[PDB]
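Chains as they are written, first to last, in the entry's author numbering: chain A, 1 to 154; chain E, 1 to 154; chain D, 1 to 154; chain B, 1 to 154; chain E', 1 to 154; chain D', 1 to 154; chain B', 1 to 154. A prime marks a further copy of an entry chain.
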Amino acid sequence: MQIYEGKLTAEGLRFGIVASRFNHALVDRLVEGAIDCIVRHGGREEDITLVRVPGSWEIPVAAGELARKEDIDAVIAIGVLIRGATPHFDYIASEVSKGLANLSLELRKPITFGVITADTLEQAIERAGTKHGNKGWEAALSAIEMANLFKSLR
Amino acid sequence: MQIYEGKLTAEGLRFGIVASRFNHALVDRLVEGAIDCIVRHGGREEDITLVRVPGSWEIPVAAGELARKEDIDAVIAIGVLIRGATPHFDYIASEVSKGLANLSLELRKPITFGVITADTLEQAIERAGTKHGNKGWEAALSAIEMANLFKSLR
Amino acid sequence: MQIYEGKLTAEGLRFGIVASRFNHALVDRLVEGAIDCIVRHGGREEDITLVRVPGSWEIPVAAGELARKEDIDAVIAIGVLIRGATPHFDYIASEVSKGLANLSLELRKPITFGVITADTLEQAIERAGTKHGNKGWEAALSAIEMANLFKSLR
Amino acid sequence: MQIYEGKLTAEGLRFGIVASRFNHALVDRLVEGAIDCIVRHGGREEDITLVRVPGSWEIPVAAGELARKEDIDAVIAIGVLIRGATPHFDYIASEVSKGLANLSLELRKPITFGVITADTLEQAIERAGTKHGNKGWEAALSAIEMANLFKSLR
Amino acid sequence: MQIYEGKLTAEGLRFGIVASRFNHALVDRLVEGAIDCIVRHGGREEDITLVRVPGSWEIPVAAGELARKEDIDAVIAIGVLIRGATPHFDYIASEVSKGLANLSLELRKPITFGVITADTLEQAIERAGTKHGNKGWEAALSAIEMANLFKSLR
Amino acid sequence: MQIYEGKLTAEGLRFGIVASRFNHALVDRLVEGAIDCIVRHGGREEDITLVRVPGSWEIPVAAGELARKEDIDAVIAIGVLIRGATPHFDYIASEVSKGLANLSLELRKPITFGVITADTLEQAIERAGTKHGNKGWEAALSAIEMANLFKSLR
Amino acid sequence: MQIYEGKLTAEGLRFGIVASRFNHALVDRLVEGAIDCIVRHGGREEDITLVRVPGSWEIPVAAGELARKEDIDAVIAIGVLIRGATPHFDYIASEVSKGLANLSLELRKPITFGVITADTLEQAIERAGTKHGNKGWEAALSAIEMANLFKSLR
Ligand SMILES: O=C(O)CCc1nc2c(=O)[nH]c(=O)nc-2n(C[C@H](O)[C@H](O)[C@H](O)CO)c1O
Ligand SMILES: O=C(O)CCc1nc2c(=O)[nH]c(=O)nc-2n(C[C@H](O)[C@H](O)[C@H](O)CO)c1O
Ligand SMILES: O=C(O)CCc1nc2c(=O)[nH]c(=O)nc-2n(C[C@H](O)[C@H](O)[C@H](O)CO)c1O
Ligand SMILES: O=C(O)CCc1nc2c(=O)[nH]c(=O)nc-2n(C[C@H](O)[C@H](O)[C@H](O)CO)c1O
Ligand SMILES: O=C(O)CCc1nc2c(=O)[nH]c(=O)nc-2n(C[C@H](O)[C@H](O)[C@H](O)CO)c1O
Ligand SMILES: O=C(O)CCc1nc2c(=O)[nH]c(=O)nc-2n(C[C@H](O)[C@H](O)[C@H](O)CO)c1O
Ligand SMILES: O=C(O)CCc1nc2c(=O)[nH]c(=O)nc-2n(C[C@H](O)[C@H](O)[C@H](O)CO)c1O
Ligand SMILES: O=C(O)CCc1nc2c(=O)[nH]c(=O)nc-2n(C[C@H](O)[C@H](O)[C@H](O)CO)c1O
Numbered sequence: 001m002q003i004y005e006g007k008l009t010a011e012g013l014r015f016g017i018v019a020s021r022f023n024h025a026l027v028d029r030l031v032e033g034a035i036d037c038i039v040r041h042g043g044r045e046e047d048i049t050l051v052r053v054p055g056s057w058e059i060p061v062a063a064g065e066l067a068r069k070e071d072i073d074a075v076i077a078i079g080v081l082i083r084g085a086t087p088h089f090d091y092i093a094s095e096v097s098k099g100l101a102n103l104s105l106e107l108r109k110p111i112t113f114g115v116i117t118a119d120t121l122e123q124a125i126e127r128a129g130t131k132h133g134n135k136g137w138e139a140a141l142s143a144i145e146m147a148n149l150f151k152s153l154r
Numbered sequence: 001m002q003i004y005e006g007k008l009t010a011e012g013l014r015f016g017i018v019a020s021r022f023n024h025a026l027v028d029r030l031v032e033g034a035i036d037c038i039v040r041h042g043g044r045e046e047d048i049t050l051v052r053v054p055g056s057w058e059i060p061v062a063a064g065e066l067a068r069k070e071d072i073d074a075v076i077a078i079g080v081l082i083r084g085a086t087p088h089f090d091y092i093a094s095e096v097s098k099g100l101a102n103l104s105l106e107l108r109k110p111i112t113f114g115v116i117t118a119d120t121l122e123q124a125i126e127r128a129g130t131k132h133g134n135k136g137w138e139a140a141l142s143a144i145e146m147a148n149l150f151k152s153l154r
Numbered sequence: 001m002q003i004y005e006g007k008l009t010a011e012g013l014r015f016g017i018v019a020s021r022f023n024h025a026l027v028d029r030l031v032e033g034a035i036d037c038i039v040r041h042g043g044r045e046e047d048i049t050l051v052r053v054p055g056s057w058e059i060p061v062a063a064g065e066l067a068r069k070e071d072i073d074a075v076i077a078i079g080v081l082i083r084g085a086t087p088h089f090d091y092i093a094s095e096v097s098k099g100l101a102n103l104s105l106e107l108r109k110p111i112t113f114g115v116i117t118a119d120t121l122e123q124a125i126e127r128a129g130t131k132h133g134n135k136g137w138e139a140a141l142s143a144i145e146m147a148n149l150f151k152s153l154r
Numbered sequence: 001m002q003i004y005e006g007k008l009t010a011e012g013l014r015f016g017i018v019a020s021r022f023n024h025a026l027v028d029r030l031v032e033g034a035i036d037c038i039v040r041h042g043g044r045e046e047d048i049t050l051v052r053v054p055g056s057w058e059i060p061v062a063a064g065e066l067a068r069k070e071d072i073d074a075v076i077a078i079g080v081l082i083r084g085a086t087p088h089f090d091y092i093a094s095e096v097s098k099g100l101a102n103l104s105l106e107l108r109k110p111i112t113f114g115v116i117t118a119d120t121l122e123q124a125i126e127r128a129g130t131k132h133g134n135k136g137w138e139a140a141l142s143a144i145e146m147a148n149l150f151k152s153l154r
Numbered sequence: 001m002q003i004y005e006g007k008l009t010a011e012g013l014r015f016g017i018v019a020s021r022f023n024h025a026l027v028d029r030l031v032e033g034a035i036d037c038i039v040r041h042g043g044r045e046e047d048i049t050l051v052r053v054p055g056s057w058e059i060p061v062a063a064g065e066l067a068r069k070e071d072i073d074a075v076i077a078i079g080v081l082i083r084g085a086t087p088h089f090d091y092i093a094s095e096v097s098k099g100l101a102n103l104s105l106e107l108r109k110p111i112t113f114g115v116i117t118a119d120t121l122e123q124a125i126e127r128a129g130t131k132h133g134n135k136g137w138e139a140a141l142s143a144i145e146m147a148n149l150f151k152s153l154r
Numbered sequence: 001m002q003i004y005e006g007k008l009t010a011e012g013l014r015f016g017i018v019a020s021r022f023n024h025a026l027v028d029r030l031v032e033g034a035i036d037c038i039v040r041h042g043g044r045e046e047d048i049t050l051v052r053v054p055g056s057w058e059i060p061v062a063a064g065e066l067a068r069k070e071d072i073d074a075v076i077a078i079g080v081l082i083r084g085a086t087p088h089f090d091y092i093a094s095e096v097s098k099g100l101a102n103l104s105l106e107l108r109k110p111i112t113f114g115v116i117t118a119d120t121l122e123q124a125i126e127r128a129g130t131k132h133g134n135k136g137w138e139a140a141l142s143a144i145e146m147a148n149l150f151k152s153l154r
Numbered sequence: 001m002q003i004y005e006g007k008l009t010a011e012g013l014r015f016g017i018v019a020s021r022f023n024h025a026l027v028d029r030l031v032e033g034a035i036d037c038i039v040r041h042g043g044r045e046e047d048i049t050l051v052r053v054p055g056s057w058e059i060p061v062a063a064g065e066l067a068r069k070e071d072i073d074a075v076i077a078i079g080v081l082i083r084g085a086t087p088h089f090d091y092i093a094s095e096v097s098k099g100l101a102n103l104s105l106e107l108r109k110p111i112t113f114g115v116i117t118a119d120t121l122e123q124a125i126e127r128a129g130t131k132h133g134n135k136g137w138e139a140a141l142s143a144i145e146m147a148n149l150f151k152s153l154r
């Protein structure tokens, strides 16, 4: 059987992070987590490109530019959506997720999903460096794995 | 670390706004907000192109023409959807959001989302220049930021 | 500020209407409304092309052929979906709306939405020439406006 | 009448399996089922290529690379999604399913769906080698059939 | 400020794992997770020493022998306790935790805690490779970090 | 990977059993079970040393003397605690468990836990040779395994 | 370890099917499933012998004659029992199952159980080619496996 997998050592890997500003008090913890994950797995901070955008809505178009860079191995999308009173959350969460996934397939490059989609503020806090971990760290670890996988698969 | 971000000064930037006429008593406040945000951030009103369309459904096709203009740096979509008795709202909100996001990615140009998607009239009023701000102003500010970001990122 | 908008006079405009047969007792009222709107706004009935299809499912593929005609300025989609006992309604409504919107963007030509998506028969009747107007007339009026807009915008 | 169908003998067929690691205690049972199905229907284990990825989110991009291999007849996607507290499940499940289906159509190659999408842990266990069978085995059997079908249809 | 921390690359590190057999259907998933975490972080499987013992009660005495080995950098304790009808669970969980912690301090060597202490079988399953991750993987990662930390701190 | 484990053949192994007299009608069944387990796994009854003590409180001090014997490979602690009206049970159970575990670590010799800690008489009966097995037999089997393990590990 | 198992390719295998007529509208679907399973796994339809009998009661005596044929490798029993108002169902289901199992052991030949034993008509429909699969297909697949197994085991 031929088996392909990615290790979790990040030496030499180069990452793009796109991070929105809405709910920044939480997003900033996700960004801290993603960078820490990369660095302590052996990636160099210098090899990270961070792009800031206003909201989750704007993440895909920026991620599309980063993922097109030949010197970026994977893109990590970071944001925090918390349901409000209206269905706005639904439409943004749907389009952010669809856009990122579509871009990944179009560009044949891993784009990982570190966007919290929470019904409540409590759920978002839980996932931004408290009881349920740090979604930024999770999405970064995924990106490390996928970038290494792609070194043999792509 | 390489860091890219957009400032909020709008000198020299050129914006397209596509604004629907359905629920105009609310949309017109969103348009006022977007224009004010551009102008007081340093953008010239002469550098704004405003396109009116009948309803939210029609926003994407018009935005597609504006976004294709080489002299437009970002497009701001402005509309107001309020849920009625039938699921019509769902289908329009889904397609307007999907279309705009898809166009942004296809054209590699920022298109911001100033479309209210409210369950009630009260929620729409709240977001069109009253207690929960002005979604037109928010979408304009996002567009300023994204246009500035793209000056280095694109 | 540059301002683009469409007037509501339809002199010289040429329209395609795609109308499904399912629920025809209602769809036929929508078609009457669309034609009346065009004619009394100055459009010639001879400049209308009407295509009939079995159900809402089949509207997009027919609309795609009409919208590709260089001598059609806009397409008006007309149908009536009424929720039944199963989720079938959801999947048809989702695809008819997605298809039309996608075609509009792909062909850079206005395609308006005169498809009722009702939970009940009563709601459909309300929107097919009774208390809540006539969705065919609304979609036709939109098409008039968009065709005029596109005369300067496209 | 011309009739095309796929037999279930897997002699000479070559398969790609993409299996995520999230919920591995269940996914690993699905992988065991898929491999067993192939082998006991006559396929050689040496003709299987297994790609591991972090989560269901990452399955499509990896499946896209495998499906593009001329010496892969079909791809089997294997993962386990279990609903949590937030709507995150919905967005991942929607994009994994959409991506795989889109890739299948784009590449004109069968990609089968062995991804459990469960509301509860119990439901996932039921479908990963207990009372409701093994979704990996089902997706592999489907892939066998489709690969054979395509030998005359493609 | 002097700052000491451990990276997550496991090259050259040597680990002891002590894993009980009670509830093995769950423990065995924790062992899989720990080994995977070591290997994909760069540790060699040949540098792992695995000791099996009957129950959680027996973990400390075995861990004491492994931790005393000069060529073991950290020990990972792996077990699954599920509360029964009597308070037995309390006394075992208390003593296994106390013993491991005491040994770590006595021997000035990291000993990490991969012992699930669940009120229910469902909670144990959740933590042994399903919705709440894999406690073996978590304890292994901790051990990697602590072994690296100790390379400068000890 | 280096793997250490204990087999369940007891040829040549020498055991100490410390058994309390309180609740003897149950403890005596546990002692029967422990002896049977040893003998039918190949241990000689002559190689068992049995020490009787008044209550569970007194088990540790006796176990400490037995575990210090160079010709004892493992000690099996056997007793029955049943909750009464006062918290006395808690303090005895806590100390008997802590003492045994501490002695095991101090003397680097396996001491297994065959002490029932029951809330009710029914629970104790269940665990002393009826529906939930025989805790003496379990603790003896553990001791066999640990003594064998220690033949290579210690 | 010596391991014996049956593959699922049916080339050269010869099968007997005994199918009752009571509840034929469902049994006939089970028979379709059994034949399809055999044929698409490589068995020849000419190598199938189908015996029809009145009711489940009569399946064993007919299966006894088929299983005694040296040129039959396995027998598949197919029927549908649905509980009525009286305990009649219980006695028939008990004897059909006992008879078939007894005959299998007596003749040292696989006889598989494709007899639905349902409390309700809905449950029977579910298992005769709808949501819970096709019991005829399942029993045929079992027979394939057992016939192959017996080629080395018998
Ligand atoms: O309309 C609002 O501002 C409240 C709803 C909202 N919620 C969030 C959220 O929870 N998380 C988030 O990242 N972004 C959000 N955006 C902003 C949009 O993403 C977008 O920036 C604007 O609509 C302008 O395009 C939102 O508009
Ligand atoms: O059918 C109706 O008119 C009521 C539902 C409705 N609601 C809204 C709304 O709340 N906001 C909005 O901007 N537009 C709407 N359009 C119109 C469609 O957008 C479209 O103009 C027509 O269907 C014609 O294409 C609507 O049709
Ligand atoms: O955010 C979480 O980690 C909990 C939700 C979650 N649940 C599942 C699940 O049930 N099954 C699964 O296969 N994957 C999951 N991923 C991970 C994503 O798929 C993805 O790996 C990450 O978002 C990083 O891209 C998840 O993020
Ligand atoms: O997981 C299951 O098998 C039960 C759910 C299910 N239900 C249906 C159904 O009701 N109708 C249907 O036509 N197919 C189904 N498929 C199978 C999938 O379509 C597909 O074949 C498999 O996921 C393998 O790719 C299903 O998987
Ligand atoms: O008495 C019982 O066997 C049931 C309670 C029990 N539960 C667990 C458990 O949930 N997990 C576990 O790892 N071990 C257990 N041990 C066994 C003890 O740990 C020990 O092996 C015996 O008491 C013999 O020393 C247990 O005795
Ligand atoms: O098992 C879990 O991860 C959830 C419970 C838990 N909760 C916390 C917590 O709330 N705070 C905290 O500081 N640590 C925790 N650790 C981790 C352990 O401390 C330890 O790191 C691991 O068990 C590995 O040794 C935990 O394991
Ligand atoms: O007595 C009745 O006819 C109703 C009960 C009944 N139910 C079933 C059934 O649900 N399925 C089935 O296969 N057969 C049945 N037979 C008939 C007996 O099997 C038998 O044919 C007669 O008793 C005559 O021997 C039954 O008699
Ligand atoms: O009809 C079904 O498949 C569901 C019921 C069922 N449940 C089990 C089960 O829980 N465990 C099990 O080992 N087998 C089962 N078999 C299959 C039969 O044993 C037999 O294989 C078939 O009836 C074919 O002969 C079953 O048919």
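Note that the Cβ used here is the ideal one computed from N, Cα and C, for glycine as well.
If you draw a straight line from the Cα of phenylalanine 15 (chain A) to the Cα of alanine 63 (chain A), it comes to about 11 Å.
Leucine 13 (chain E) carries a coil assignment under DSSP once its states are collapsed to helix, strand and coil. Residue contact check for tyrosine 91 (chain D) against chain E: no CB pair falls below 7 Å.
Between the segment 50-67 of chain E and the segment 136-143 of chain D, the count of Cβ pairs shorter than 8 Å is three or higher; the stretches touch. Residue contact check for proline 110 (chain E) against chain A: a CB pair falls below 7 Å.
Counting other Cβ atoms within 10 Å of its Cβ, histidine 88 (chain D') stays below 16 and is therefore classed as exposed. In terms of CA proximity to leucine 81 (chain E'), E':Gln123 leads the group E':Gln123, E':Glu106, E':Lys98. Just measuring C-alpha positions, the residue of E':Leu103, E':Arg83, E':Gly6, E':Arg108 sitting nearest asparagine 23 (chain E') is E':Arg83.
Separation of the CB atoms of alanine 10 (chain E') and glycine 43 (chain E') is rounded to 4 Å, and the pair is thereby assigned contact status at 8 Å. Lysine 7 (chain B) is positioned such that its CB atom lies closer than 7 Å to that of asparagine 148 (chain B). Of the residues assessed, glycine 79 (chain B') falls on the buried side of the cut-off, its CB having 16 or more other CB atoms within 10 angstroms. Secondary structure of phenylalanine 22 (chain D) (DSSP, three-state): coil.
Within the same chain, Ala74, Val75, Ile76, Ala77, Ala139, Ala140, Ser142, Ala143, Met146 come within 8 Å of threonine 112 (chain B) by CB-CB distance, once the 5 residues on both sides are set aside. Rounded to whole angstroms, the gap between the alpha carbons of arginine 127 (chain E') and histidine 41 (chain B) is 35 Å.
Taking every protein chain shown into account, the CB of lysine 131 (chain E) has fewer than 16 other CB atoms within 10 angstroms, so this residue is exposed.
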